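Novice: If you scroll down you'll find the structure; I have some questions about it.
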Amino acid sequence: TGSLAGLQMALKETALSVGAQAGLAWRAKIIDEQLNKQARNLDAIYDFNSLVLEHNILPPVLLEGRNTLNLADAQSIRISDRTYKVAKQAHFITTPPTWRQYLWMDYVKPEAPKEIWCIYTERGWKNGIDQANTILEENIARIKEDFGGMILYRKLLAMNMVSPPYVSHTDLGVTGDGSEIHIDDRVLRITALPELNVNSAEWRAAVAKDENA
Amino acid sequence: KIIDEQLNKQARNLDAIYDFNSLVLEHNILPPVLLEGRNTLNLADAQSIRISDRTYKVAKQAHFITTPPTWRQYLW
Amino acid sequence: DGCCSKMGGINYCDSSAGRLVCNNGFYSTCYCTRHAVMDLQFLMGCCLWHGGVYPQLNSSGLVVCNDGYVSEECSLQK
Amino acid sequence: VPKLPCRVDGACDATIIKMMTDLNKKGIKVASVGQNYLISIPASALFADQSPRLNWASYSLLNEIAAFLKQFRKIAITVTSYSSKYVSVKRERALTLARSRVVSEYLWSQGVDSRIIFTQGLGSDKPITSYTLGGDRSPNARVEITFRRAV
Amino acid sequence: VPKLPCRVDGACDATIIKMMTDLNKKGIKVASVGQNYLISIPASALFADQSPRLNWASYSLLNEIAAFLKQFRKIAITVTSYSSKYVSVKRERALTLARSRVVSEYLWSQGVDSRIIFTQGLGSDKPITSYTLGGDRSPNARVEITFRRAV
Amino acid sequence: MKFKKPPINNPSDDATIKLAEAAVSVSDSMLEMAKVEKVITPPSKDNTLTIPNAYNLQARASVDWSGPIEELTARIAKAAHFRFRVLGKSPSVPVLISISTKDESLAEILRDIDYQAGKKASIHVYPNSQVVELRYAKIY
């Protein structure tokens with residue numbers, strides 16, 4: 001061990017196991033209190049309601065990558081400038097989504113329980129706090145994915161690279177038999193889903209000026 | 001441990017000496033590795049000998065790379 | 001222990017930079033997350049610059065890395 | 001935790017405050033606005049009368065300044081020298097360039113861990129004071145070392 | 001029962017009766033007919049002589065009124081200001097609008113949990129008294145805050 | 001000669017740090033795409049013709065509302081002493097709005113509601129008859 005002249009545990013795991021849960025639950029409570037304090041700002045920021053399309057259709061989610069290289073193996077490479085992908089497809093909704101299904105963390109109060117006991121209970125406490133922060137960060141990434149994909153859809157529809165959804169509605173009159181009637185039946189069905197177009201000759205560019213003095 | 005400390009002290013001189021980055025070919029292709037031998041004799045057995053003046057051999061073949069090699073994969 | 005000494009004490013951990021902030025407006029020298037710029041030059045373990053240790057348990061003492069190289073250096077002698 | 005580092009090495013907040021206080025009482029001006037830092041040195045404490053030759057005793061002051069500069073982490077440093085009007089514009093442009101070259105070399109010889117050091121000499125173009133009666137004793141003949149603390 | 005709330009939070013009947021009694025003895029008129037509530041304040045206890053500038057000491061009274069308003073649950077509040085006749089119709093319409101704007105802003109800055117606050121200034125159009133001899137000392141220059149308690 | 005740097009606020013939470021860092025990127029994505037849309041299709045018309053102002057549309061309000069459109073517009077019209085009108089059938093999926101402002105005139109409240117309603121509903125004001133009108137779109 002070291003120089004030539006220098007050459008010349010169950011409570012361990014039980015301490016970690018009670019510390020991790022308590023740290024996780026306590027940090028989860030504090031996270032929920034901070035989320036509930038700032039409830040109006042998050043509703044103003046993640047405004048799903050004002051992104052909805054014509055017939056209450058949620059827009060598709062699109063993803064973008066730039067300056068792409070793949071080394072497939074030795075002897076072959078493939079490069080590209082940009083790539084676009086449809087991660088999720090459009091559909092009908094009745095209610096818009098909200099931030100609470102993404103960001104809210106789950107709390108259940110754990111009521112289910114000395115020389116070196118204290119330091120390892122404290123270390124387990126730190127581990128639980130760190131784990132809770134990591135979980136929250138992945139949730140933030142997920143909500144950012146949904147909002148950014150929809151926002152990117154609006155930009156590409158404006159710049160004429162996707163097609164809008166096409167919807168057809170049929171009007172029936174007064175339908176039914178003598179035991180049951182419906183007065184004004186209408187059936188709505190979207191017949192063309194949005195999709196990228198590969199004809200590059202119709203694409204439209206946007207040049208934004210600045211003018212002063 | 002002592003060897004690693006001496007390697008970490010002199011890290012800029014070894015990067016200046018083993019400069020793989022400025023040997024790379026046109027499309028980021030690592031050049032092949034060639035070997036040379038001079039003044040060669042083989043006594044195959046009794047009754048037969050074979051001699052040559054120089055010999056050249058391709059030890060390794062060229063390929064695509066994404067990053068150049070560094071001295072740390074060899075010397076650490 | 002004493003991070004913000006001759007300042008007002010610890011204000012908070014800025015996780016965007018990974019540093020503590022003192023009670024005057026100075027950044028501290030102490031780190032407070034692991035994703036802070038630490039200047040690491042010396043790392044322990046073996047089979048670095050290969051894939052790491054291939055995790056089979058061996059009858060003999062050879063240690064083999066994930067790319068087929070054999071560490072004679074971490075291997076026990078006879 | 002026992003094998004990760006716990007702080008940037010060789011650096012302490014008490015040492016930073018101590019050396020900044022000692023430098024301000026000695027007469028070298030140390031100022032900080034936001035994260036930019038300025039050290040301003042009068043030319044009389046470093047050079048002879050308008051020659052680019054250091055005295056032997058001012059190397060202790062340059063050593064003290066280098067010990068201050070090792071406390072931070074940084075990317076670029078700028079050293080600029082300014083003087084007072086003597087003969088023409090060219091003579092003091094050459095003088096300030098020589099002064100900045102020598103000072104930045106000794107600072108680079110000591111172990112300041114910067115990536116770039118820029119040096120320039122502006123002559124007597126940018127005065128900070130309208131009282132121009134001294135020679136090299138004037139308060140507006142100086143060298144200034146500026147940098148930004150990085151993260 | 002231990003985890004449902006047992007009452008609306010921060011509210012107590014004794015506190016409501018206490019503050020209503022204290023406000024009526026101080027001179028601010030608090031009245032209740034059915035479930036509608038009216039608070040009437042003389043303009044002399046709040047403003048200077050017909051300027052929309054509060055005194056510094058009247059903010060304690062506005063704080064007291066805000067502490068009263070936090071005891072209820074409500075949807076809309078109306079603040080209306082009335083004054084006395086000085087120069088033209090326009091000058092006091094502008095004056096009452098400015099007074100109501102300032103008072104409703106400070107009330108909104110404090111934490112009254114209402115959904116809408118409406119503000120208007122009626123000038124000197126609707127007098128509650130035929131004795132018009134005072135200036136701003138007159139009893140019919142006032143601000144009135146009215147609301148309906150919801151459920 | 002104690003050294004101090006000016007902004008010294010209350011301590012911060014790392015959850016709020018992460019939320020702010022996500023929000024800044026959302027904000028400038030929104031900014032860039034709004035630039036693109038404004039350049040591609042420049043607007044020509046303004047809803048001051050459909051909602052002009054009048055006397056007693058200049059009373060003021062501060063509002064914080066997160067529900068359907070009809071109740072808030074009825075409250076605004078009743079405060080403005082106007083009659084209230086509905087045209088068309090209300091849709092089955094409700095039209096939701098969200099307004100959070102401070103101190104503007106009722107005409108501007110109405111115009112912001114008109115902008116946020118979008119393709120689903122419209123607001124018209126007739127000052128000679130003192131009528132506020134909300135009409136629903138002929139869709140579905």
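Letters for chains follow the order of the structure tokens (A, B, ...), residue numbers begin at 1 for each chain, and ligand numbers begin at 1 in the order shown.
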Extract the full set of alpha helix (DSSP H) residues from range 88-124 of chain F according to DSSP on the backbone, and format it as number ranges by chain.

Specialist: F: 106-117

Novice: Could you please take those selected residues and save N, CA, C and O atoms as a PDB file, in the first residue's frame?

Specialist:
```pdb
ATOM      1  N   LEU F 106     -62.163  49.458 -21.688  1.00  0.00           N
ATOM      2  CA  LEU F 106     -63.032  48.332 -22.007  1.00  0.00           C
ATOM      3  C   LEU F 106     -63.031  48.030 -23.487  1.00  0.00           C
ATOM      4  O   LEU F 106     -63.203  46.870 -23.881  1.00  0.00           O
ATOM      5  N   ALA F 107     -62.824  49.052 -24.310  1.00  0.00           N
ATOM      6  CA  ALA F 107     -62.713  48.822 -25.738  1.00  0.00           C
ATOM      7  C   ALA F 107     -61.496  47.975 -26.057  1.00  0.00           C
ATOM      8  O   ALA F 107     -61.553  47.085 -26.912  1.00  0.00           O
ATOM      9  N   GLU F 108     -60.396  48.213 -25.361  1.00  0.00           N
ATOM     10  CA  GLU F 108     -59.225  47.397 -25.617  1.00  0.00           C
ATOM     11  C   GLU F 108     -59.360  45.995 -25.056  1.00  0.00           C
ATOM     12  O   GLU F 108     -58.807  45.054 -25.645  1.00  0.00           O
ATOM     13  N   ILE F 109     -60.089  45.838 -23.947  1.00  0.00           N
ATOM     14  CA  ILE F 109     -60.407  44.493 -23.468  1.00  0.00           C
ATOM     15  C   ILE F 109     -61.188  43.744 -24.526  1.00  0.00           C
ATOM     16  O   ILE F 109     -60.852  42.603 -24.870  1.00  0.00           O
ATOM     17  N   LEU F 110     -62.179  44.411 -25.115  1.00  0.00           N
ATOM     18  CA  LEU F 110     -62.988  43.778 -26.146  1.00  0.00           C
ATOM     19  C   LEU F 110     -62.179  43.440 -27.390  1.00  0.00           C
ATOM     20  O   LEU F 110     -62.363  42.368 -27.975  1.00  0.00           O
ATOM     21  N   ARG F 111     -61.255  44.313 -27.787  1.00  0.00           N
ATOM     22  CA  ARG F 111     -60.454  44.015 -28.971  1.00  0.00           C
ATOM     23  C   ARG F 111     -59.487  42.859 -28.726  1.00  0.00           C
ATOM     24  O   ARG F 111     -59.240  42.060 -29.634  1.00  0.00           O
ATOM     25  N   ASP F 112     -58.923  42.749 -27.517  1.00  0.00           N
ATOM     26  CA  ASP F 112     -58.050  41.605 -27.236  1.00  0.00           C
ATOM     27  C   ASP F 112     -58.827  40.301 -27.197  1.00  0.00           C
ATOM     28  O   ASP F 112     -58.319  39.260 -27.630  1.00  0.00           O
ATOM     29  N   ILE F 113     -60.050  40.337 -26.675  1.00  0.00           N
ATOM     30  CA  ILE F 113     -60.911  39.159 -26.703  1.00  0.00           C
ATOM     31  C   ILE F 113     -61.217  38.781 -28.141  1.00  0.00           C
ATOM     32  O   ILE F 113     -61.220  37.598 -28.508  1.00  0.00           O
ATOM     33  N   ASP F 114     -61.437  39.790 -28.980  1.00  0.00           N
ATOM     34  CA  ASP F 114     -61.732  39.569 -30.385  1.00  0.00           C
ATOM     35  C   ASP F 114     -60.540  38.949 -31.102  1.00  0.00           C
ATOM     36  O   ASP F 114     -60.700  38.052 -31.936  1.00  0.00           O
ATOM     37  N   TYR F 115     -59.333  39.364 -30.741  1.00  0.00           N
ATOM     38  CA  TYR F 115     -58.165  38.761 -31.361  1.00  0.00           C
ATOM     39  C   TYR F 115     -57.920  37.341 -30.880  1.00  0.00           C
ATOM     40  O   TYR F 115     -57.566  36.472 -31.680  1.00  0.00           O
ATOM     41  N   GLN F 116     -58.116  37.083 -29.592  1.00  0.00           N
ATOM     42  CA  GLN F 116     -57.890  35.739 -29.083  1.00  0.00           C
ATOM     43  C   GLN F 116     -58.973  34.752 -29.495  1.00  0.00           C
ATOM     44  O   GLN F 116     -58.719  33.544 -29.490  1.00  0.00           O
ATOM     45  N   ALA F 117     -60.169  35.226 -29.846  1.00  0.00           N
ATOM     46  CA  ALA F 117     -61.215  34.311 -30.295  1.00  0.00           C
ATOM     47  C   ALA F 117     -60.870  33.653 -31.622  1.00  0.00           C
ATOM     48  O   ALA F 117     -61.182  32.477 -31.834  1.00  0.00           O
TER      49      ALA F 117
END
```

Novice: List as a list in words the protein and nucleic acid residues near range 132-135 of chain D, meaning an atom at most 12 Å away when only C-alpha atoms are counted, but skip any in the same chain fewer than 3 places from it.

Specialist: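 What passes the distance filter is residues 42, 43, 44, 48, 49, 50, 83, 84, 85, 86, 124, 127, 128, 129, 138, 139, 140, 141 and 142 of chain D.
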
Novice: For the selection just defined, write its residues with N, CA, C and O atoms to a file, as a short mmCIF file (atom, residue, chain, number, x, y, z; two decimals), in the first residue's frame.

Specialist:
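Output file result29.cif is given in full below:
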```
data_model
loop_
_atom_site.label_atom_id
_atom_site.label_comp_id
_atom_site.auth_asym_id
_atom_site.auth_seq_id
_atom_site.Cartn_x
_atom_site.Cartn_y
_atom_site.Cartn_z
N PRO D 42 0.76 52.72 -12.18
CA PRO D 42 1.52 53.89 -12.63
C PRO D 42 2.87 53.47 -13.18
O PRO D 42 3.51 52.56 -12.66
N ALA D 43 3.30 54.16 -14.24
CA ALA D 43 4.53 53.79 -14.93
C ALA D 43 5.78 54.08 -14.10
O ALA D 43 6.83 53.49 -14.35
N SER D 44 5.68 54.96 -13.11
CA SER D 44 6.83 55.28 -12.29
C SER D 44 7.21 54.15 -11.35
O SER D 44 8.37 54.03 -10.97
N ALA D 48 11.99 53.09 -15.78
CA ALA D 48 12.87 54.23 -15.63
C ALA D 48 12.25 55.38 -16.42
O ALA D 48 11.13 55.26 -16.92
N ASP D 49 12.96 56.50 -16.55
CA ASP D 49 12.32 57.68 -17.13
C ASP D 49 12.22 57.47 -18.63
O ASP D 49 13.12 57.82 -19.39
N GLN D 50 11.08 56.91 -19.03
CA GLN D 50 10.69 56.69 -20.42
C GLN D 50 11.68 55.80 -21.16
O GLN D 50 12.05 56.07 -22.30
N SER D 83 1.31 56.56 -22.26
CA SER D 83 2.39 57.42 -21.77
C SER D 83 2.04 58.89 -21.93
O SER D 83 0.89 59.26 -22.21
N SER D 84 3.04 59.74 -21.70
CA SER D 84 2.80 61.17 -21.84
C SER D 84 3.64 61.76 -22.99
O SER D 84 4.62 61.18 -23.44
N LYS D 85 3.24 62.95 -23.43
CA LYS D 85 3.72 63.53 -24.69
C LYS D 85 5.13 64.08 -24.56
O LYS D 85 5.35 65.03 -23.81
N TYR D 86 6.09 63.56 -25.33
CA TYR D 86 7.46 64.08 -25.17
C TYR D 86 8.00 64.68 -26.46
O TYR D 86 8.36 65.87 -26.47
N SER D 124 0.05 58.42 -26.28
CA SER D 124 -0.50 59.41 -25.37
C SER D 124 -1.82 59.90 -25.94
O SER D 124 -2.13 61.09 -25.91
N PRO D 127 -5.96 60.24 -22.67
CA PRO D 127 -5.71 60.67 -21.29
C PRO D 127 -6.92 60.57 -20.37
O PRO D 127 -8.05 60.85 -20.79
N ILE D 128 -6.69 60.15 -19.13
CA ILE D 128 -7.74 60.09 -18.12
C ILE D 128 -7.74 61.30 -17.20
O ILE D 128 -8.43 61.27 -16.18
N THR D 129 -6.94 62.32 -17.48
CA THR D 129 -6.83 63.47 -16.59
C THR D 129 -6.36 64.67 -17.40
O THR D 129 -5.51 64.53 -18.28
N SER D 138 3.38 61.85 -14.05
CA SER D 138 1.98 62.16 -14.31
C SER D 138 1.09 60.94 -14.05
O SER D 138 1.50 59.81 -14.30
N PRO D 139 -0.12 61.15 -13.53
CA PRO D 139 -1.01 60.02 -13.26
C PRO D 139 -1.54 59.34 -14.50
O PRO D 139 -2.03 58.21 -14.40
N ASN D 140 -1.46 59.97 -15.67
CA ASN D 140 -1.96 59.37 -16.89
C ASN D 140 -0.88 58.74 -17.76
O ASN D 140 -1.04 58.68 -18.98
N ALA D 141 0.22 58.29 -17.17
CA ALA D 141 1.15 57.40 -17.84
C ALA D 141 1.12 56.09 -17.07
O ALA D 141 1.59 56.02 -15.93
N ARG D 142 0.57 55.05 -17.69
CA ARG D 142 0.16 53.89 -16.91
C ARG D 142 0.11 52.67 -17.82
O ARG D 142 0.16 52.77 -19.05
#
```

Novice: As a PyMOL selection string, could you give me every residue of chain F near chain E (at most 12 Å apart, counting only C-alpha atoms)?

Specialist: chain F and resi 56-67+71-73+75-80+98-106+109

Novice: For residue 30 in chain C, list every protein, DNA or RNA residue within 10 Å, evaluated using only C-alpha atoms, and leave out those in the same chain fewer than 6 positions away; present the list as a ChimeraX atom specification.

Specialist: /C:1-4,13,18-21 /D:5-9,11-13

Novice: Filtering to C-alpha atoms, could you give me those residues as a JSON list (two decimals), in the first residue's frame?

Specialist:
```
[["chain", "number", "residue", "atom", "x", "y", "z"],
["C", 1, "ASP", "CA", -15.52, 24.16, 4.78],
["C", 2, "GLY", "CA", -15.44, 27.89, 4.56],
["C", 3, "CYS", "CA", -16.28, 28.86, 1.01],
["C", 4, "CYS", "CA", -17.37, 32.51, 1.17],
["C", 13, "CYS", "CA", -26.07, 27.45, -5.58],
["C", 18, "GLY", "CA", -22.32, 25.18, -11.03],
["C", 19, "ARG", "CA", -21.00, 27.68, -8.52],
["C", 20, "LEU", "CA", -21.93, 29.19, -5.20],
["C", 21, "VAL", "CA", -22.80, 32.87, -4.89],
["D", 5, "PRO", "CA", -12.10, 18.06, -6.58],
["D", 6, "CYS", "CA", -14.08, 20.28, -4.26],
["D", 7, "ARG", "CA", -12.87, 23.66, -5.55],
["D", 8, "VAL", "CA", -10.66, 25.19, -8.21],
["D", 9, "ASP", "CA", -7.14, 24.43, -7.09],
["D", 11, "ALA", "CA", -7.70, 29.42, -4.90],
["D", 12, "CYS", "CA", -9.36, 30.89, -1.85],
["D", 13, "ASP", "CA", -11.79, 33.74, -1.30]]
```

Novice: Write out as a VMD selection string every residue belonging to chain C that has an atom at most 10 Å from any atom of chain F, counting only C-alpha atoms.

Specialist: chain C and resid 6 to 8 10 to 16 21 to 26

Novice: If you measure from CA of residue 14 in chain A to CA of residue 28 in chain A, what distance in Å do you get, rounded to one decimal?

Specialist: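 Taking CA of residue 14 in chain A as the start and CA of residue 28 in chain A as the end point, the length is 21.8 Å.
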
Novice: One number please: CA of residue 40 in chain F to CA of residue 158 in chain A, in Å, one decimal.

Specialist: 7.4 Å

Novice: Record the distance separating CA of residue 128 in chain A and CA of residue 2 in chain D, expressed in Å with one decimal.

Specialist: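 These atoms are spaced 19.8 Å apart.
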
Novice: List every residue of chain C that DSSP, applied to the backbone of this structure, places in strand (DSSP E or B), and write the result as a VMD selection string.

Specialist: chain C and resid 10 to 14 19 to 22 27 to 31 53 63 to 65 70 to 71

Novice: Got a sec to pull out which chain C residues are within 9 Å of chain B, counting only C-alpha atoms, and send them as number ranges by chain?

Specialist: C: 41-42, 48-50

Novice: Using only C-alpha atoms, I'd like every residue of chain A that has an atom within 7 Å of chain F; please write them out as JSON, numbers by chain.

Specialist: {"A": [94, 155, 158, 206, 208]}

Novice: How would the residues just picked look written out with C-alpha atoms as an mmCIF file, in the first residue's frame?

Specialist:
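Output contents, as saved in part09.cif:
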```
data_model
loop_
_atom_site.group_PDB
_atom_site.id
_atom_site.type_symbol
_atom_site.label_atom_id
_atom_site.label_comp_id
_atom_site.auth_asym_id
_atom_site.auth_seq_id
_atom_site.Cartn_x
_atom_site.Cartn_y
_atom_site.Cartn_z
ATOM 1 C CA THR A 94 -62.112 17.748 -27.210
ATOM 2 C CA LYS A 155 -43.476 27.785 -39.220
ATOM 3 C CA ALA A 158 -46.183 29.221 -43.334
ATOM 4 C CA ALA A 206 -38.968 34.705 -46.015
ATOM 5 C CA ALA A 208 -37.059 40.034 -42.927
#
```

Novice: Leaving out range 180-196 of chain A and any residue of its chain fewer than 5 positions from it, which residues lie within 7 Å of it when counting only C-alpha atoms, given as JSON, numbers by chain?

Specialist: {"A": [90, 161, 162, 163, 164, 165, 166, 167, 168, 169, 170, 171, 172, 173, 174, 175]}

Novice: Chain A near chain B within 12 Å: what's each residue's closest atom pair and its distance in Å to one decimal, counting only C-alpha atoms, ordered by chain then ascending residue number, as a Markdown table?

Specialist:
```
| residue | atom | partner | partner_atom | distance |
| --- | --- | --- | --- | --- |
| A:2 | CA | B:1 | CA | 10.3 |
| A:3 | CA | B:1 | CA | 11.6 |
| A:69 | CA | B:66 | CA | 9.5 |
| A:70 | CA | B:66 | CA | 9.5 |
| A:71 | CA | B:66 | CA | 7.7 |
| A:72 | CA | B:64 | CA | 10.2 |
| A:73 | CA | B:64 | CA | 8.6 |
| A:74 | CA | B:64 | CA | 6.0 |
| A:75 | CA | B:63 | CA | 6.2 |
| A:76 | CA | B:64 | CA | 7.6 |
| A:77 | CA | B:64 | CA | 8.1 |
| A:78 | CA | B:64 | CA | 11.6 |
```

Novice: Might you pull out every residue within 7 Å of residue 57 in chain A, with only C-alpha atoms counted and same-chain residues fewer than 4 positions away left off, and present them as a list in words?

Specialist: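 The contact residues come out as residues 52, 53, 90, 91, 92 and 93 of chain A.
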
Novice: Name all residues at most 10 Å from residue 67 in chain C (count only C-alpha atoms; drop same-chain ones fewer than 5 positions away) and give them as a PyMOL selection string.

Specialist: chain C and resi 47+49-54
